[PDB]
Structure formats: C-alpha cells, structure tokens
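Residue numbers (PDB author numbering), protein chains in the order written: chain A, 669 to 779; chain P, 15 to 192, 201 to 308; chain D, 181 to 500; chain C, 99 to 293; chain O, 284 to 424; chain R, 18 to 75, 186 to 229. C-beta atoms are modelled at their ideal positions from N, C-alpha and C, and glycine is treated no differently.
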Amino acid sequence: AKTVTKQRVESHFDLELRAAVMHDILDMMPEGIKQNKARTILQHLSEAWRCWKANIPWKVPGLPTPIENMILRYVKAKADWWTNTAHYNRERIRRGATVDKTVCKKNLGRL
Amino acid sequence: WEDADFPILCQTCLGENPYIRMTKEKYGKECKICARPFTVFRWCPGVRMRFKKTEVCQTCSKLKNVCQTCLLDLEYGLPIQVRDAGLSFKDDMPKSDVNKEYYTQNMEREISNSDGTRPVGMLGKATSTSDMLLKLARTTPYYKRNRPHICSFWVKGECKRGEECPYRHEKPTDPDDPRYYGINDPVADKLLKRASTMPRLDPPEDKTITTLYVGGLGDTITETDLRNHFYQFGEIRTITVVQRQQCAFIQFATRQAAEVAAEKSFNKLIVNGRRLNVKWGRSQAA
Amino acid sequence: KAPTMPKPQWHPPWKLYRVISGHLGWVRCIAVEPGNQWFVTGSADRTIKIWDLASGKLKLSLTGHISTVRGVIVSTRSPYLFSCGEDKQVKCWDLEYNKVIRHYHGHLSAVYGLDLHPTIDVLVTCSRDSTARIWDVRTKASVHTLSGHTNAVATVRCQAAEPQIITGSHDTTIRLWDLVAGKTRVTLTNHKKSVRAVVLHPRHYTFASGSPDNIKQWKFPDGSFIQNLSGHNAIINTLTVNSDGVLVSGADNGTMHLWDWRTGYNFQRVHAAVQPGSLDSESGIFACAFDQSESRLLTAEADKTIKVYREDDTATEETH
Amino acid sequence: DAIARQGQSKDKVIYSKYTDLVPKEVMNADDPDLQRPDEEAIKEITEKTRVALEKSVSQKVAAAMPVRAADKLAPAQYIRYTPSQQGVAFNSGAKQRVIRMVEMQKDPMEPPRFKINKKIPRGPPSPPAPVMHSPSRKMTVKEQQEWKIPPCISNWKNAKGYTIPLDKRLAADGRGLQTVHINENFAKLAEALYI
Amino acid sequence: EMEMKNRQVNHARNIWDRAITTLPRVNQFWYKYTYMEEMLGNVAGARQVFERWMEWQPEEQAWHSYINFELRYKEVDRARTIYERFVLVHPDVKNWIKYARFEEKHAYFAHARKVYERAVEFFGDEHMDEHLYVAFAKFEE
Amino acid sequence: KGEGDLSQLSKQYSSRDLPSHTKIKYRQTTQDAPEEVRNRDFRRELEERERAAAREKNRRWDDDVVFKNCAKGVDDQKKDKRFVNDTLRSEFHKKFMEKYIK
Ligand SMILES: [Zn+2]
Ligand SMILES: [Zn+2]
Ligand SMILES: [Zn+2]
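Following this line, the structure appears as structure tokens:
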C-alpha cells in the first residue's frame with residue numbers, strides 16, 4: 669500500500685468521513701426498503717458543510733432529527749479539525765516553518 | 015506459486031531401470047498451457063535416452079488423471095481425447111489466458127487441497143470403464159518415446175562429432191504426420215484404426231444368421247446368466263446349452279438385437295473373467 | 181412471576197465524580213496500564229495523551245499521527261504501547277523514550293481497532309477494507325491476513341484459550357478464526373444492524389456481542405446462543421465487562437446502560453449531560469473501561485470529554 | 099445440514115437448525131462446562147500455537163529475506179514409491195522402485211525468472227452459512243413516510259439532478275432571523291440623545 | 284423464477300432448497316416454492332417443506348395459510364395433527380376463537396366440549412379477554 | 018503453497034522493512050510486571066493515592192472629568208479559566224482573533 673503524505677491529507681479525511689457516515693447510516697436507518705437514494709445524505713452533509721463555511725444556518729424542512737444532528741456533529745468535528753489545523757499552520761507560517769504557496773494561499777481563505 | 019514433492023510419472027517415461035537418480039528444483043519452468051511455476055525434476059531413464067525433464071505442473075495433471083511429462087493418461091496410457099470420447103463427458107476447461115482459465119484453475123486447486131489422491135470429476139466415471147478402451151491398452155510399450163530428439167548437421171552432413179553425438183542419427187523425419203483437447207493428427211488415424219478393425223466378412227443376405235456358435239463355458243458361464251445377458255437385448259425363440267462342447271445356442275426374432283451381440287461378441291464379450299470363443303453358426307439347416 | 185426474576189445479584193450504582201476535558205478533536209479510545217498508575221487515550225487532535233488516574237493531571241502528550249487515532253492499547257509483558265488510526269499506520273510507541281520504534285505498515289485501507297495476545301508476542305488488527313491481520317512483534321511482517329469479510333471490521337479481541345480471534349464486522353456478522361492456519365473456524369450470523377463491540381470477561385467462558393438490535397451473548401467452544409438482553413435499541417459502540425458481574429454498554433446517543441451477568445437486568449439507565457460548549461445532541465460514548473481494581477469506570481464520549489464514575493455506598497437501590 | 103455445509107470438512111454449520119438460537123437454560127455455578135480450563139492446558143496450546151507461528155515466521159524470514167548465507171540442504175535421502183498403477187509386465191520386476199532425490203544448486207546470480215504481474219478477480223469465498231435473523235417486521239405506511247429524505251436543493255451539486263420545482267427556492271426559514279429583530283434600549287438611547 | 288419459467292425442475296429444486304435454507308426469515312422464497320408445488324403434485328415432500336416452514340416459527344400469515352392449504356385438500360386427521368402446536372405460540376384471541384373451528388366444520392361434539400374446556404381454562408382467568416365467550420355462546424345457541 | 022507477494026514471489030527488498038529492533042525489551046521486576054500484578058490489591062493503593070492527591074490544593188486632580196470612577200475592572204474579577212469546545216467561541220480563538228489581525 670501507500671502512506672498518506674502531506675498532499676493527500678484533505679483527500680483522505682473526507683473519504684474516511686464519508687465512509688464513517690456511510691456505515692453509520694447503514695446501521696441506523698430502520699427496516700424500510702430504501703436506505704439513502706445511494707448518495708443523498710452525503711449531499712446533505714456536504715451542503716451543510718458548505719452552508720457552515722458561509723455560515724448559512726441550514727434550516728431544511730421535512731427532515732428526520734437523527735440524520736440531521738449526526739450531520740451537525742460531523743460537520744462540527746470537521747470544523748474542529750479545520751480550525752485546529754488553521755491555528756497550527758498559521759503559527760507555522762508566523763514563526764517561519766514552511767514557505768509553501770499552497771499553505772499560505774489556503775490559510776488566507778481559512779482565516 | 016507451486017511446490018511439490020513427487021510427480022505422477024507413468025511407467026513409459028520412468029525408463030527400463032528401477033534405479034534412477036533425480037535432481038530437483040524449488041521453482042523451475044513454466045507450464046506450456048497456463049505458465050504456472052512448478053518444480054521441474056531431471057533424471058536419466060536409460061543409457062541411450064534423453065532426460066525428459068517435466069512438461070506440465072501437478073495441478074493440471076490432477077484434473078484429468080494425466081502423467082507428468084508426455085501428456086498421457088495414468089490409468090491406461092492413452093491420450094485425453096480418446097478417454098473423454100470413450101466416456102462421452104469432456105469436463106470442460108477454457109482456452110484463453112485471463113478470461114476464465116486461471117480463475118477456475120486456482121479454484122479447482124483450492125478445493126482439491128484436502129485429498130490429493132483422486133481427480134475432481136473423473137472419480138465417479140472411471141469405474142464404468144474397461145469395455146471400449148481395454149481393446150487398445152498397450153502393455154510393455156515402445157521405448158522410442160524415451161529416445162532423444164533429432165539433431166542437425168547430419169541432415170546437412172556437417173556433424174564433426176560423428177558417433178559421439180548423443181541425440182540420434184540416420185532418422186529422416188516426415189513432414190506429413192506429427201494440444202490439450204484438440205486437435206491431434208495421428209490420433210484421428212488411430213480412431214480410424216479402431217473403427218476399421220478386422221471382423222468377419224458379412225455374407226450378403228438378409229439377416230438370416232440368427233444362430234451363433236459361442237463356447238468356452240467351463241464352470242463360469244451358466245444358462246441363466248447368458249439368457250439374462252440376452253434378455254437386455256430382447257426375447258428368445260429357442261435357446262439351448264450343450265455341455266459336450268461347452269457351448270450355447272441362441273436366436274432372435276428380427277435379427278438386429280443379436281446383431282449388436284455380434285458387435286458385442288467378436289472376442290470382445292468379457293463376462294465372468296474370460297475371453298469367450300465365438301464363431302458363426304450354420305443358418306442353413308445343414 | 182417472571183422467569184429469572186428473584187435471582188439478580190445486587191450491584192451498587194455508578195455515579196459521576198470527575199470529568200476530564202482537554203482534547204481539541206474527538207477522543208476515541210481508552211486503555212489503561214495493569215499497574216494502576218495512568219491511562220492512555222487518543223483523539224482526532226492527532227495527539228495521544230495520558231492522564232493520571234488518581235490526581236487527574238495531564239502527565240504527557242505526544243503527536244505524530246497524520247489522521248485521527250482510532251485505537252490505543254498498552255502491553256503487559258512489555259514496557260511500551262501500541263496505537264493505530266486512519267493514517268494507514270500502526271505505531272509502536274516506546275515508553276522508555278516516548279518515540280516510535282517499529283512503524284507497522286502494509287494495510288491497504290484505514291485502521292479501526294487492535295488487540296494484543298496476553299501471553300505471546302503477536303498482535304491482531306482490524307481494518308477498513310475487508311481484513312484483519314496478524315502482526316508479529318520483533319519481525320513487523322504480516323504472518324496471516326484474515327480475508328473472509330465483505331465490509332469493514334469494527335473491533336477485534338484475542339486470548340490465550342482456543343478459539344483465539346473474534347472479529348465482528350460491518351457486514352452484520354461475527355466470526356471466530358484459527359490463528360494457526362489462518363482459515364476461519366466459525367461464522368456467526370445474527371444482528372440485522374451490524375456488530376461493533378465484543379469483549380472477553382476474563383474469568384470464565386461465555387463472551388458477549390454488541391449490536392444496536394437485541395444485544396446478544398455467545399460461548400467459546402463450538403458456538404452457543406446463551407441469552408439475548410432487553411431493549412437496548414440505541415446504536416452502540418462499546419462494551420466493557422467486570423469480573424464480579426457488572427457490564428456497561430456505551431452507545432452513540434449518550435445513553436450508557438448498565439447490566440448484570442447473573443440475569444441480564446438493566447439497573448440504572450443513566451444519561452450524561454453535556455459540558456457547556458457542546459450542543460443538545462452531540463454526546464456519544466466511543467470508549468469505556470474499568471480500572472484494574474475495577475472500582476472506577478471511565479468513558480470517553482463524543483463531546484471530547486472523559487467522564488469518571490465511582491461506586492455509591494448506599495443500600496436503597498433494590499431490584500423490583 | 100449438508101445443503102449448507104457444501105464442500106467443507108465437517109465445520110460448524112450445525113447452526114443451520116432453529117433449535118440453537120433460542121435462549122439457553124439458566125446457569126449459575128456449573129464448573130465443568132462453563133469455567134475456563136487449568137493453566138496447563140492453555141499453556142500447552144499456547145506453546146503449540148507459538149511454535150507453529152514461529153516456524154511459519156522463520157520460513158517467512160528465510161523466504162522474504164533469504165539473501166544472507168543459507169545452506170541449501172543435505173539431500174542424502176531416497177524415496178521408495180510402489181508402481182501400483184500398471185505393472186504386471188511393465189519393466190519386468192518393478193515392484194517398489196526406490197529412486198534417488200537430490201537438489202539442483204540455485205546460483206546466486208539470477209533475477210526472478212517469472213513475471214509476477216498477474217491480476218485475477220477474487221473467486222467464490224467460503225460458502226454462505228444460514229442467516230437466521232429475528233422475524234422481520236414492517237412498521238406502518240406513515241413511519242416509512244417519516245423515515246425518508248427530501249431532494250437536495252444545493253447551489254453547487256455537480257451530480258445527478260439540480261431539481262427545480264416551483265417551490266423549494268429559499269431553502270431556509272427566511273434566510274435571516276434575530277427572534278426579536280430589535281431591542282427597546284435603542285429607544286432608551288435615541289430620544290435620550292434627541293432631548 | 285427464471286429456472287421455474289423453464290421446464291427444468293430438478294435444478295429448480297436444487298436452487299430453491301439452498302435459497303430457503305440460506306434465508307429462512309424471508310417469506311417469499313417459501314411462498315413461491317410452495318406455489319410451484321401447487322402447480323406440481325401433492326406429494327409428501329411438499330408436506331416436509333411445510334413442516335420445515337412450521338419449524339422456523341413464522342407469524343400468523345404463514346400458519347393459517349397452511350391450514351387453508353390443509354382445508355383445500357380435505358384432510359381431517361392430519362390438519363387436526365398439525366394444529367395442536369398452533370396455539371402454544373400465539374395466544375391471540377383471533378386464534379382462540381378459531382381453535383374452536385371443528386365445531387363449524389365437523390361438529391366434533393365430545394371433543395368440542397374438550398376444546399371448550401381448553402377455551403375456558405387458559406389465559407383470561409379473571410378478565411375473559413371480552414371476546415371468547417361471545418363465540419362460545421354463539422355456538423351454544 | 019502459493020502465498021502472497023511478500024513470502025516468496027518477490028525480490029522487492031523494500032525500504033522500511035528491515036530487521037530493526039530484533040530484540041524485545043521485557044518489563045522487569047521494578048516496573049509493573051505481571052508477577053507483581055497477580056497479587057496486588059489495586060484498590061487500597063488507588064484510594065490512598067487519590068486521598069494524598071486531593072489535599073494538594075490547600186482628590187483635586189480630576190474634578191472636571193466626566194467619568195470620575197467606573198469602580199469595576201471586569202465587574203467581578205478576572206479568573207474564569209472555563210472551557211468552550213465550540214471553536215468559534217473558545218477563548219484561545221478569541222486571542223487568535225484579537226492578536227494576529229488588526
Ligand atoms: Zn499447468
Ligand atoms: Zn508421461
Ligand atoms: Zn550427430
């Protein structure tokens with residue numbers, strides 16, 4: 669196999685988060701014949717993250733409470749990782765650790 | 015991918031010597047069908063004979079009860095196509111490389127790791143044998159399989175070695191009559215040979231020879247066994263058993279069923295462990 | 181009038197007495213030394229840290245993971261611990277120098293859980309693609325890969341008595357393996373919702389399983405359905421069991437439930453409130469473990485907090 | 099039982115009947131069938147498992163990393179195999195045919211000869227045991243309507259359907275809400291400046 | 284259903300039996316195999332399939348369908364034989380009133396009194412379940 | 018009999034897979050070795066340790192100005208040290224957002 673390097677950080681955490689919510693909604697939904705229309709709860713999770721990034725309050729009607737509050741705690745965990753990486757690489761480009769254009773031009777939008 | 019301890023080795027490739035020395039390897043050559051890394055073994059059968067190292071692997075030999083290096087059957091000493099033409103069940107296997115070949119080969123190796131004693135599909139239908147394939151079952155075979163292949167520079171007359179060239183000499187081959203299922207050129211002529219044997223010449227009339235002179239009774243053949251072996255062919259009109267010559271006389275209504283008995287008993291009807299004696303009756307009121 | 185009603189053993193209840201909240205990232209697993217000094221935990225902070233059991237102070241933290249930490253365990257024969265997570269890496273953290281010495285790798289996907297053998301120097305690991313694998317200490321080579329599942333494997337336990345390896349997976353089945361040959365011994369099909377928690381007791385037989393629907397109980401030789409428990413219908417993550425007969429189940433909705441081993445009786449039905457920063461529904465128990473004295477229980481929840489329970493020296497908690 | 103046991107060598111498919119998923123009778127202190135064995139049995143099976151995995155990992159280390167100075171073998175053994183397939187007159191006198199087996203020396207100037215690059219799909223696994231869940235229930239016609247999802251009204255989707263009906267446009271409460279929208283202390287500021 | 288649509292019945296049974304022993308808890312496989320046997324004869328192998336179908340403990344929808352199967356071939360003794368294990372699983376009042384069905388089928392007199400004893404001694408010892416004595420007094424009228 | 022690529026089918030003498038740390042350090046008797054685990058109480062020692070650890074914490188200058196005295200600094204005191212794990216409202220984030228930007 670291959671390890672995770674500094675470039676496949678954001679392209680692995682999202683995969684693990686969507687896999688975790690996949691096998692969580694596969695094991696939380698009741699005995700109905702349909703699960704998720706094969707991608708829709710992932711779309712609601714992604715749109716809740718995009719609405720949190722613009723701080724849109726994301727009040728969608730007609731929705732069950734366990735899937736929406738598990739989406740809320742998952743985007744809160746992604747927010748915690750996002751801000752704890754933002755503080756860390758801001759301190760690193762403050763003291764002068766890395767000189768990466770990707771990290772600095774990403775941290776501009778991540779502040 | 016494959017390790018082994020000892021190969022199949024039918025008797026015609028072992029040689030005439032019970033005392034042979036053999037060297038072994040751990041990962042030798044590829045099979046010429048599926049390219050699997052078996053263990054090639056090398057030995058010397060005879061003093062005028064080549065080495066005949068190894069042709070195929072152990073697994074492909076365990077599918078069809080095939081020997082190791084000349085691709086013949088172990089149970090008779092015949093090719094595969096004659097065997098599954100005589101038994102009329104082929105036990106199919108693919109032809110391509112990665113389509114379905116190594117898939118079912120690896121699976122049939124996986125399900126056969128327990129026994130290693132009998133083939134996977136021939137165990138039930140190698141029992142009903144010795145009827146049509148015992149007629150050509152060669153005992154004490156020719157050792158010309160073991161002689162080395164033809165060398166060059168004697169065809170062109172350049173061979174400096176002369177007599178000490180180990181392979182062969184003065185053998186002109188013929189480019190008119192030389201894989202796994204088909205097609206094999208001299209085997210078609212061998213099936214024509216077993217289809218063109220030497221029976222009695224059929225006399226030109228309309229099926230009047232319903233009597234038959236079968237003998238060699240002794241103490242094995244009885245009257246009820248013979249009339250029940252004829253009962254599967256059909257019904258009788260007048261049968262008798264004579265004991266001064268140890269013979270039996272049978273007839274049939276409309277000859278044809280006894281006709282296949284004429285196909286069954288031309289020194290061929292083997293019941294009670296004896297080659298019976300059969301010649302023609304009169305059918306002439308003589 | 182109910183069957184097995186007059187005979188549960190009276191366990192005194194558990195109550196809060198301290199909480200431990202220092203992480204920045206979801207705390208996931210709890211392990212504890214056999215020497216009753218401290219307990220090690222990991223998080224989505226990518227910083228494994230240990231906490232003193234009596235004083236509650238932070239002894240030290242240490243980083244080095246690229247992704248979250250989904251499992252942590254300490255060895256009994258050896259003065260070092262093991263950790264693993266979704267960075268496709270299983271790290272062997274030395275404790276004499278606080279550094280990584282082995283750096284196991286070879287898994288084609290992420291890593292969920294791990295476990296040690298109590299007697300010999302082997303390790304078992306359950307991953308995300310389809311497999312559990314055996315890591316040999318002193319060699320760091322995969323001896324056996326256990327490939328019989330069709331989904332991820334949540335937890336894994338192994339012991340010294342036969343059968344060795346118990347793997348409960350996300351394709352709604354458990355299976356008990358053979359550690360020598362590598363092939364499976366028995367497969368176990370129940371639990372419409374997938375199994376996420378198995379545990380050894382460790383005194384006598386009859387291990388237990390864990391799933392969101394009708395949590396069950398099993399046996400070491402030949403397999404045997406002993407008993408199913410009551411309506412603990414939340415989606416669960418962890419099971420921990422004590423030798424004197426009390427058991428605890430940690431779920432995803434914050435509700436953690438106590439049981440007994442003699443009957444199967446739900447005793448307390450306690451729910452944990454949130455520390456101020458968390459919202460109304462974020463609490464989910466992802467780790468729980470007793471002390472080696474088994475006088476203290478401590479859980480790591482999804483609110484980035486370890487809650488520690490002690491006993492209650494009262495008498496009026498009788499069983500109806 | 100052989101319908102679900104197919105191909106296996108007497109495994110634990112005895113689950114296949116209904117009678118072993120009912121709750122077993124209540125145990126309290128039955129020592130021989132419930133308690134663990136003594137230390138000697140677990141130690142001897144631990145020693146057997148340890149020497150099994152030790153010889154396995156020794157063959158692995160002498161196979162994965164075999165490069166450093168290992169002797170081949172001492173092939174002084176013979177093998178005696180009876181020709182019990184054909185011989186009645188085949189090689190007249192061949193009765194048990196002991197032969198010599200030595201090993202060819204592999205020189206350490208050889209790359210790997212055979213292309214290990216084959217990739218096949220994974221074959222049929224172990225055959226499926228019976229599944230034996232609880233009796234499956236179906237709730238109502240209305241709770242199944244409760245456990246469904248509306249379509250996605252995302253701004254960037256890059257997926258199946260952008261899904262425009264006549265309704266579902268603002269996709270919020272009102273896109274902005276303050277629950278009182280004002281405080282009256284503003285008035286306690288404002289006219290206080292005005293006067 | 285594909286192998287059932289063709290005329291091969293042996294391979295059809297060879298896939299139906301492993302299907303129903305693989306997934307016991309589903310009902311449709313057993314239903315369609317027994318319906319294929321409705322298209323086939325009424326041999327005792329069908330009864331072996333039905334007793335295996337009784338053995339897995341299904342709901343009421345299977346069991347009274349099987350007693351309707353026993354009614355549609357006019358079986359008196361065997362339908363009485365398979366119906367004793369029926370009441371010990373489901374104590375439903377819809378089944379308590381229909382354990383007294385040989386009254387409206389055979390009139391069953393002395394054993395009807397025994398079945399009414401069975402209707403009066405079991406559960407509903409002080410509350411009657413407000414429905415059993417209605418049908419009891421209906422047949423006694 | 019036909020293992021994976023790690024066993025025999027490869028000469029990839031790969032990096033990071035070397036006989037490093039080919040001896041295992043065993044936990045000796047002065048640490049928490051299992052021989053001292055099989056007999057110690059674990060219960061009274063934790064009790065005395067937590068009881069030992071619980072006792073560890075035992186005019187004529189500005190008469191023209193408008194605001195003569197605000198009389199409060201924070202209006203109670205400045206000692207809160209609380210914990211909000213909401214990362215937008217944490218006080219570490221407050222110092223991050225009041226220090227680095229202006
Ligand atoms: Zn081959
Ligand atoms: Zn041969
Ligand atoms: Zn020559």
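Determine which residues share a DSSP beta bridge with residue 81/P and list them.
-> None; residue 81/P has no bridge partner.
Measuring from the CB of residue 47/P, is there a heavy atom of ligand 1 at a distance below 6 Å?
-> Checking the Cβ of residue 47/P against ligand 1 gives yes.
Consider the Cβ of residue 32/P: report whether some Cβ of chain C lies at a distance smaller than 7 Å.
-> Taking Cβ atoms only, chain C reaches closer than 7 Å to residue 32/P, which makes this a yes.
Which of helix, strand or coil does DSSP assign to residue 723/A?
-> Residue state, collapsed to three classes: coil.
Please go through the same chain and pick out, in chain order, the residues whose beta-carbon is closer than 8 Å to the beta-carbon of residue 686/A, but skip the five residues on each side of it.
-> Within the same chain, residue 686/A has close Cβ partners 710, 713.
Quick one: what does DSSP say residue 37/P is sitting in, helix, strand or coil?
-> In the structure shown, residue 37/P adopts extended strand secondary structure according to DSSP, grouped into three states.
Chain A partners of residue 210/R, CB-CB under 8 Å?
-> Here the premise fails: no neighbours, minimum Cβ distance about 13 Å.
Sorry if obvious, but does the Cβ on residue 168/P come closer than 6 Å to a heavy atom of ligand 3?
-> Indeed, a heavy atom of ligand 3 lies less than 6 Å from the Cβ.
CB contact check: residue 113/C to chain O, cutoff 7 Å = For residue 113/C, the answer is no, since every Cβ of chain O falls outside 7 Å of its Cβ.
Proximity test, Cβ basis, 7 Å: residue 57/P and chain R | Residue 57/P does not count as touching chain R.
Taking residue 609/A as part of the alpha helix (DSSP H), name the residues at either end of that continuous run.
-> Any answer about residue 609/A is impossible in this case: the structure gives chain A only from 669 up to 779.
If we ignore side chains and look at the alpha-carbon of each, how far apart do residue 164/C and residue 32/R end up?
-> Take the alpha-carbon of residue 164/C and the one of residue 32/R: they are about 16 Å apart.
For residue 397/D, the three-state DSSP class (helix, strand or coil) = In the structure shown, residue 397/D sits in a strand (DSSP, three-state: E or B).
Output yes if chain P places a C-beta closer than 7 Å to the C-beta of residue 208/C; else output no.
-> It does not: the Cβ of residue 208/C has no partner Cβ on chain P nearer than 7 Å.
So what's residue 220/D in DSSP terms, helix, strand or just coil?
-> In this structure, residue 220/D counts as strand in the three-state DSSP scheme.
So is residue 162/C in contact with chain R if we call contact Cβ pairs under 7 Å?
-> Chain R places a beta carbon closer than 7 Å to that of residue 162/C, counting this residue as a contact.
Output the distance between the C-alpha atoms of residue 557/D and residue 305/D, rounded to the nearest integer angstrom.
-> Past the edges of chain D, shown from 181 to 500, lies residue 557/D, and the structure says nothing about it.
Same chain, Cβ closer than 6 Å to residue 70/P, neighbours up to 5 away in sequence not counted | Residues of the same chain with a CB within less than 6 Å of the CB of residue 70/P, apart from the 5 flanking positions on each side, are 45 in chain order.
Since residue 271/D sits in a beta bridge, which residues does DSSP pair it with?
-> Residue 271/D has 263/D as its beta-bridge partners, per DSSP.
Burial state of residue 302/P (16 or more Cβ within 10 Å) | Residue 302/P counts as exposed, since fewer than 16 other C-beta atoms from the protein chains shown sit within 10 angstroms of its C-beta.
Give the straight-line distance between the Cα atoms of residue 319/O and residue 284/O, rounded to the nearest whole angstrom.
-> Taken atom to atom, the span from the alpha-carbon of residue 319/O to that of residue 284/O is near 9 Å.
Take residue 54/P and list the residues in its own chain whose beta-carbon comes closer than 7 Å to its own, dropping the five residues that flank it on each side.
-> The answer, listed in chain order, is 39, 42, 43, 67, 68.
Is the distance from the Cβ of residue 132/P to the Cβ of residue 63/P below 7 Å?
-> In this structure, residue 63/P does not lie closer than 7 Å to residue 132/P by Cβ.
One or two residues paired with residue 87/P in a DSSP bridge | Its beta-bridge partners are 80/P.
Measure the C-alpha to C-alpha separation of residue 52/R and residue 337/O and round it to an integer number of angstroms.
-> C-alpha separation (whole angstroms): 57 Å.
Are there three or more Cβ pairs, one per stretch, closer than 8 Å when the stretch 310-329 of chain D is compared with the stretch 358-376 of chain D?
-> Yes, since at least three Cβ pairs between the stretch 310-329 of chain D and the stretch 358-376 of chain D fall closer than 8 Å, the two stretches touch.
State yes or no: is the beta carbon of residue 261/D nearer than 7 Å to at least one beta carbon in chain A?
-> For residue 261/D, the nearest beta carbon of chain A is not closer than 7 Å to its own beta carbon.
Sequence-distant residues of the same chain with beta carbon closer than 8 Å to residue 190/D, five excluded per side | Hits under 8 Å: 497, 498, 499.
With DSSP as the reference, label residue 499/D as helix, strand or coil.
-> Note: residue 499/D maps to coil in three-state DSSP.
Can residue 306/D be considered in contact with ligand 4, in the sense that its beta carbon sits closer than 6 Å to one or more heavy atoms?
-> Judged by which ligands are present, ligand 4 is missing from the structure shown, whose ligands are ligand 1, ligand 2 and ligand 3.
Should residue 267/D be labelled buried (16 or more other beta-carbon atoms within 10 Å of its own) or exposed?
-> If you draw a 10 Å sphere on the C-beta of residue 267/D, you find 16 or more other C-beta atoms in it, and that means buried.
Inter-stretch contact at 8 Å, needing at least 3 Cβ pairs: the stretch 729-746 of chain A / the stretch 451-462 of chain D = With a cut-off of 8 Å, the stretch 451-462 of chain D and the stretch 729-746 of chain A count as touching, because enough Cβ pairs lie within range.
Alpha carbon to alpha carbon, how far is residue 698/A from residue 237/C?
-> Residue 698/A and residue 237/C: Cα-Cα distance of roughly 9 Å.
Own chain partners of residue 224/D with C-beta closer than 6 Å, once the 5 adjacent residues on each side are dropped | Taken in chain order, the residues that qualify are 205, 206, 248.
Does DSSP put residue 159/P in a helix, a strand or coil?
-> Residue state, collapsed to three classes: helix.
Could you name the residues of the stretch 211-230 of chain C whose beta carbon sits closer than 9 Å to any beta carbon of chain R, in the order they occur along the chain?
-> Those residues of the stretch 211-230 of chain C that come within reach of chain R (Cβ to Cβ, closer than 9 Å) are 212, 214.
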